[PDB]
Amino acid sequence: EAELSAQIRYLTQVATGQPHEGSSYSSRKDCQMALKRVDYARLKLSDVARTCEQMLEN
Amino acid sequence: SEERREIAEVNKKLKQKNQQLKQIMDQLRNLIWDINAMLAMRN
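Set out below in structure tokens:
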């Protein structure tokens with residue numbers, strides 16, 4: 616009973632609402648469109664290599 | 178005599194190579210115009 620009373624008294628006077636402030640996921644996703652831009656550059660250079668391919672045979 | 182045929186045939190081959198690298202460096206120009214706006218509004 617004393618443990619229960621101490622548990623509720625330690626948690627008594629902090630009763631209010633809590634805002635999850637800030638957008639950490641918005642800043643976290645800010646690497647991902649740069650990464651897909653890097654992937655766009657990757658497919659661009661892959662197409663550069665594929666255009667380099669056919670002049671080798673002929 | 179026939180070296181002139183070689184000159185005439187390789188002149189347009191090196192010009193075609195210059196154009197083939199020209200499209201590639203134009204694509205790289207598009208890439209660098211993409212990348213200079215990245216740091217422009219990074220903050």
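Same order as they appear, the protein sequences are chains B and X.
By this note's numbering, the letter at position 55 of the first sequence is numbered 670, and the numbering carries on one by one without gaps.
By this note's numbering, the letter at position 10 of the second sequence is numbered 187, and the numbering carries on one by one without gaps.
Every residue, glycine too, gets a C-beta built ideally from N, C-alpha and C.
For chain X, check one thing: does any of its Cβ atoms lie closer than 8 angstroms to the Cβ of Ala-656/B? Closer than 8 angstroms to some Cβ of chain X, the Cβ of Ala-656/B qualifies, so yes.
Per DSSP, what kind of secondary structure is residue 733/B in: helix, strand or coil? In the structure displayed, chain B extends from 616 to 673; residue 733/B sits before or after that span and is not available.
The ligand NAP heavy atoms versus the CB of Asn-195/X: any closer than 7 angstroms? Ligands in the displayed structure: none, and consequently the ligand NAP is not present.
Using the three-state DSSP reduction, which class does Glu-180/X fall into: helix, strand or coil? helix
For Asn-220/X, does the three-state DSSP call read helix, strand or coil? coil
Check the Cβ of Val-653/B against every Cβ in chain X and list those closer than 9 angstroms, keeping chain order. Residues of chain X whose Cβ lies closer than 9 angstroms to the Cβ of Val-653/B do not exist; the shortest such Cβ separation is about 10 angstroms.
Near-chain X residues of the stretch 635-646 of chain B (beta-carbon distance less than 8 angstroms), N- to C-terminal order: none
Supposed close pair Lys-659/B, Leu-191/X - CB separation, criterion 8 angstroms: At roughly 25 angstroms, the Cβ-Cβ gap does not stay under 8 angstroms, so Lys-659/B and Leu-191/X are not in contact.
If you reduce the DSSP assignment to three classes, tell me which class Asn-207/X lands in. If DSSP states are grouped into helix, strand and coil, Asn-207/X belongs with the helices.
Under 8 angstroms by beta carbon: chain X residues contacting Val-663/B: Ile-201 and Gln-204
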